[PDB]
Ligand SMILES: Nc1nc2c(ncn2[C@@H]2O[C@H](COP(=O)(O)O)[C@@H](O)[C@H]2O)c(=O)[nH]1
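Here's a solo chain for you in structure tokens, the form solved without this ligand.
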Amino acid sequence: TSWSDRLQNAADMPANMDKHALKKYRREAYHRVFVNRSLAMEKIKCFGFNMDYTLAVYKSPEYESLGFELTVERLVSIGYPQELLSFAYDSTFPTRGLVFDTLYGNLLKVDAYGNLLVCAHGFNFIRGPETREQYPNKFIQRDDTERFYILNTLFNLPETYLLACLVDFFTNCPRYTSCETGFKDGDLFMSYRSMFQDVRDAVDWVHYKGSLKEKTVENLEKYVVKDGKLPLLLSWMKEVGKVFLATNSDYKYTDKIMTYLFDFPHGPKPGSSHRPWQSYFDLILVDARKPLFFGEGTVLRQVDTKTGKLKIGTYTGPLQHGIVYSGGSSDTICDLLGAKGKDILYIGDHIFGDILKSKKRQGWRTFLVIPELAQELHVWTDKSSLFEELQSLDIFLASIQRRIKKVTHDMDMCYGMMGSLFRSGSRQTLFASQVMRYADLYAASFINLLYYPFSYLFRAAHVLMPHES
């Protein structure tokens, strides 16, 4: 059972819109909205969305596997060895939010301070003492952004696994000589950095120039979660406020995906007339180029929705019914909707490009969707005794240290080879820390908002400093 299996299972339920029944779905932690900072929902006037991995949740591991296969085929097409074709995507290896160290070719799981939690070179998990040769202080400078690449999104899962596959392959293939910073192949030297860049370029290529979008849209039922509650929730949002879409995807792809997401023989509720997807939005904006969108952005363009091409020129006109925008900036949204940042709840899956940047640059309210949480919560509750044991081992304070390392490993392995998205044993990950700091609300799915009234006061406890406690 993958995280998307859980989400599609919950998607197959029709909404019992009885108020006591609505409250009741929160009986499961799976259906809750979690709160880092208090948020009075009655103050939200605009609900903003992105599409990819938020409205359109790609099915796992099928979609990752497709991305992986196509990225591999692109690398082979540009001259990587044929052996790459024998790789096959393994969903048990990657966890999201890992850092690829381009100097030494390691995948690292780090905390908020850049401290090393896990280090894998290919499929070799390097124990603490061995990591000290390359990381003398068990630490990386996180924002040495030329050296370290943070794999933030679900789109990065295939390349997370591929990077490890490639390092493993080249290390164990006798044609190549392993060196500190890459591989020697006679009179050719392939640095981990150049290899990484080839992988990044190939992933971008499959999405923008290759066949990934075409193959997705060919079999939407295989690749995209569909939920009749999505149009319902969106209709309720539009009754109390304004609704907008700001997607990094282009119009033609957005139209195909959104059409599928709304393709039911009814509108918001069974028995109601079907309405086009565009009717659910007061403002539709594509080619957003987030995170740049939240700064200077790009010139505002208008999409010709008949051809899917941009009209020539900068668009200087007003918000009109049926207009679709391209580019622009977050100020375009605020201006056209008559909103200030704190009147906006932006629902994002990109912790950096949606959530951190909208919060920090614009003071928007934020809702982070974390699709894996569905499965992570299951593991978290199912294996509660392991964490509980770890806590009491940490408490017990006058060997033992090695029992802590044992229990940490067993707990971590329940999630996969790279552990929980949120922690390694008792240490929180960078990702966890960024969720807490920048996501006002978070959940497995934004659909969970269906189970709360729009007057709800989401509450978090006031924080006190140690000297105040």
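From 1 onward, residues are counted along the sequence shown.
A summary of the deposited B-factors shows that, of 377-385 and 86-94, the stretch with the larger mean C-alpha value is 377-385. Comparing 457-465 with 16-24, the higher mean C-alpha B-factor in the PDB entry belongs to 16-24. You'll see in the entry that, of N50, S65, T408, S433, the Cα B factor peaks at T408. Within the listed group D263, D187, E159, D282, the record reports its top CA B-factor for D187. Per the PDB record, residue ranking by Cα B-factor puts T54 in the lowest third of the chain.
When the modelled residues of the chain are ordered by C-alpha B-factor, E42 sits in the highest third. In this PDB entry, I404 carries a Cα temperature factor that places it within the highest third of its chain's modelled residues. When the modelled residues of the chain are ordered by C-alpha B-factor, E218 sits in the highest third.
Ranked against the other modelled residues of its chain, the C-alpha B-factor of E372 as given in the entry falls in the middle third.
What comes next is about the form deposited with this ligand bound, which is not displayed.
Look at 243-251, 186-194, 323-331, 309-317: in the entry with it bound, residues with non-hydrogen atoms within 4.5 angstroms of this ligand sit in 243-251. With a 4.5 Å cutoff on heavy atoms, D282 does not count as touching this ligand in the entry with it bound; it lies far away. Mapping the unseen interface onto this chain, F155 counts among the residues with a heavy atom inside 4.5 Å of this ligand in the entry with it bound. Although the partner is absent here, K290 sits close enough that one of its heavy atoms falls within 4.5 Å of this ligand in the entry with it bound. Interface residue remark: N50 is counted as part of the site for this ligand in the entry with it bound, having a heavy atom within 4.5 Å. When this ligand is considered in the entry with it bound, only one residue from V72, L234, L345, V203 comes within 4.5 Å through any heavy atom, namely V203. Comment: this ligand is not present in this chain, but in the entry with it bound one of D101, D255, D349, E376 has a heavy atom within 4.5 Å of it, namely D349. Contact annotation for 204-225: residues with any non-hydrogen atom within 4.5 angstroms of this ligand in the entry with it bound are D204, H207, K213, listed in sequence order.
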